[PDB]
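Coming up is one lone chain in structure tokens, specifically the form deposited in one PDB entry.
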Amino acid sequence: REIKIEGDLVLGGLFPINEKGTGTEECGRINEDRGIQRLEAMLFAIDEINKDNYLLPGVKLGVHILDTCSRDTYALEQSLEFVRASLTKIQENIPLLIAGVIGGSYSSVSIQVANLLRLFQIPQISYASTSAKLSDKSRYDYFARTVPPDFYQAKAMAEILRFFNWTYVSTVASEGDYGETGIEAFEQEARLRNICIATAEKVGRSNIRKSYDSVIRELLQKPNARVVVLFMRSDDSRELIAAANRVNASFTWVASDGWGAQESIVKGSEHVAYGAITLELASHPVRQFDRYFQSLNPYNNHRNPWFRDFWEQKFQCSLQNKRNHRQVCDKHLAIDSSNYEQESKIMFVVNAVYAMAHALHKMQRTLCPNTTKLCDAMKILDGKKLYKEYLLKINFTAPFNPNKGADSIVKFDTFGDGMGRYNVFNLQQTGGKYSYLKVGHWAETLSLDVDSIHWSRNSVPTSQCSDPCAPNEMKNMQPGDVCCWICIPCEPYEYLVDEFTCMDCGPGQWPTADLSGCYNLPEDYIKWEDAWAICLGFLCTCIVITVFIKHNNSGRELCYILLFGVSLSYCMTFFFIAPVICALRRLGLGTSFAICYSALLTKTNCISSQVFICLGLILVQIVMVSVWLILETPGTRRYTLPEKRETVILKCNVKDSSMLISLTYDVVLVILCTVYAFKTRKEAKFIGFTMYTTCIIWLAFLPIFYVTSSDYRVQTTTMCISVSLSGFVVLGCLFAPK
């Protein structure tokens, strides 16, 4: 049983013609869609190839097509005939020269012959072999395929979820190579798309609580996970939907080719699956093949040995009257549009034959140009050269495809795989009827029709257990699932350092809404703290008042001392209010010594005519020495005022000892003057009134302490001190007017 027809080159064909019909236990069954249909597709291509005038003109291509019986072990023994021929060793059935093998539908079959043909360097193009193992070129060195591997569906399904802002996916793989290997790619693909997996459920051919269990393992755990990424086989997908039907589940299944566009998956229980998004392989039916295939007739098809057996099984009749098994075939029986439907993967079978033909055609030009036939160099073929140099780099457009200006580009990648073109289907309800409808293609980039896709909720569903969080809600704690954390509003006035964790450098004053704000305390001014105390200015008013008093003003001794004190008192308010300028408080303390010195001079007069000048210098010297002692080591700078997370102000020196130190010098002078005023009853006693006002000012000096604690409020003491200075000066001038 073999289609061995002669030719300059001969191609090997491996098709599952018998659905374990030669297995001797599942015997008596041949495959129609995956068998003769795909087989005759290759023969159809070969007829076109050898009659084509632009692909191998002088080279007539024969075939050596064998049956794999859908069993890897049977294929291995069969495929040896491709090897037995291309080696160095009455006799009949002279061996051929298999240039390449176009065969292997079931990946288990296509793997066990990939191992064999690799050793003897025979290229192999395999339609319909989408297993991801075959992409491992370390083992299957000489394997190419016109169909994409099954892990490209993982990429497309991941892109579909990522497109719709979807996360928290629950995946339900299936036992076997298909479900398990495919979901590994999807699990890997979800990470790179920042898609997190709620549940990693798995199913098997059990038909037990497992199916009902798997349904609730997603309804119960994370009901926020509304999208379910199926990667199950065909029969498994139906039985899971049956399980979901009984419990009346409501999900938006994002399924793989195993579900596909088959209506038999949802035959019954459609509302539970309504809104699902399933993928299917992209394939444009070959128009010419139907004309060729429908014209087949056992009375004109003698190349195919299985065709006579196919005719019997197709129509359940007998070509010979000796059987009469329920019917005898008749001459008007034929293949027509009603009893036939083109297989989904006929496009890939034709491409596989053409890809081999194109590679052989190109190698015919390079190896020996200007040679219509095949040269003696062509008489020996090398697998490594034919595979990597030409076959693994061909770029011809697909034949028999009406839409040439489309994705009809036949080309193998660096792994010999397909290009990965899919059709994003979507189960839809028209109101009383359910039917699939293509809603998007996936060549390399997804392209959907969002406004024509029915969902299960009649609105675009979202699978979220945590909404995204912003510069508001900066932190991120993860109580349950790794992906949907709970964001926490960061302690106010903070520092972002990470999305997960967020600390606080400057929780008191002036950060940014980003990773920048940390104690960003711009300095204030001389009167910056009392910007809006409510009390602006008023320092020049004391100078104006002092100027008016000076304008109003025998007893030249009082004028000499009183005039200096009035001027110094006014300057204290300006220096105190408006780092170097922070030392003006020393002058104000020295000014009070002038009043004390005058009181001491007045006390001496009441109790050395030339000693008055020396006495003033002696008193002035002490004030200067004290200022130099303190202003020398400390001072000349300003100290900040960082409160308990209130704000940051770069004020003057926070050392209150300078005020206390200054008051000490005045206190001694004031204390001495008060003692003299006690005996000043013999105008007399006017100093006592001025001396008494100093005691109140001394008490007012105490309010400065514990008064500067209020920012911009302690400055009233400086204004009060200036006011106190005016009162003492007013007492001296008040007596004179009377």
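Superpose the two forms; the largest set of C-alphas matching within 1.5 Å is the rigid core. From 1 onward, residues are counted along the sequence shown.
What comes next is about the form deposited in another entry, which is not displayed.
Identify which of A198, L381, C502, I160 has its C-alpha displaced by 2 Å or more between this form and the one not shown once the rigid core is superposed. Result of the comparison: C502.
Does superposing the core leave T718 with a CA shift of 2 Å or more between this form and the one not shown? True for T718: a C-alpha shift of 2 Å or more.
Is the C-alpha displacement of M691 equal to or greater than 2 Å between this form and the one not shown once the rigid core has been superposed? Yes, shifts by 2 Å or more.
Rigid core superposed, CA of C542 - does it shift 2 Å or more between this form and the one not shown? Yes, the C-alpha position differs by at least 2 Å between this form and the one not shown.
Please check whether, in the other form, the CA atoms of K210 and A158 lie closer or farther apart than here, given a change of 3 Å or more. The answer is farther, because the C-alphas of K210 and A158 separate from each other in the other form by 3 Å or more.
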